[PDB]
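Here we start with a single chain on its own, the form solved without its partner chain, put down as structure tokens.
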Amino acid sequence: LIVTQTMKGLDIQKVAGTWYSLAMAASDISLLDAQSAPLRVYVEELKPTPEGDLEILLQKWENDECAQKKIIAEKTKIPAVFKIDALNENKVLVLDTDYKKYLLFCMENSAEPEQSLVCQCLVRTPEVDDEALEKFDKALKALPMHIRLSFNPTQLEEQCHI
């Protein structure tokens, strides 16, 4: 409840498939800082289960290898908000998406709002879509982001973006 953009009428069945983390932004430099930074994760695929949940397939630099992890986000009463389990009460929010080109989403710990916000711009193809980045930035001006990363085509095709 910091993110004032929520998508009306989300059909998670339609966000299924292949995705590229084109841009990232966080409210804290230390969350996206290095490759081994805690929330520096790359989305590979979004898989919605028939129950209504959302299996997230991402990549992250855990050790000194591009490890593949599988997170599952359970649906809540609100169709655009999902829950990820732990000691950390993290919510996932879908801000906007046309299903065919991009998807904007943020993640925040319910307890530490300002200290856990991380948002990304996901695109279908490994191209630099300017229109998507505009919408991403627009949704971002209202939030306290302090670091913004952007990736190029070549990097998008590499595991963990090199």
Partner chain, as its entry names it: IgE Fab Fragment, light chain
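Positions refer to the first chain, counted from 1.
Just so you know, the form deposited with its partner chain bound exists too; it's not on screen, but the next bit is about it.
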item	value
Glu45 within 4.5 Å of its partner chain in the deposited bound form, heavy atoms	yes
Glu51 within 4.5 Å of its partner chain in the deposited bound form, heavy atoms	no
Interface membership of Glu131, its partner chain in the deposited bound form, 4.5 Å heavy atom rule	no
Partner contact for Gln159 in the deposited bound form: its partner chain, 4.5 angstroms, heavy atom	yes
In the deposited bound form, residues of 79-96 near its partner chain [heavy atom within 4.5 Å]	none
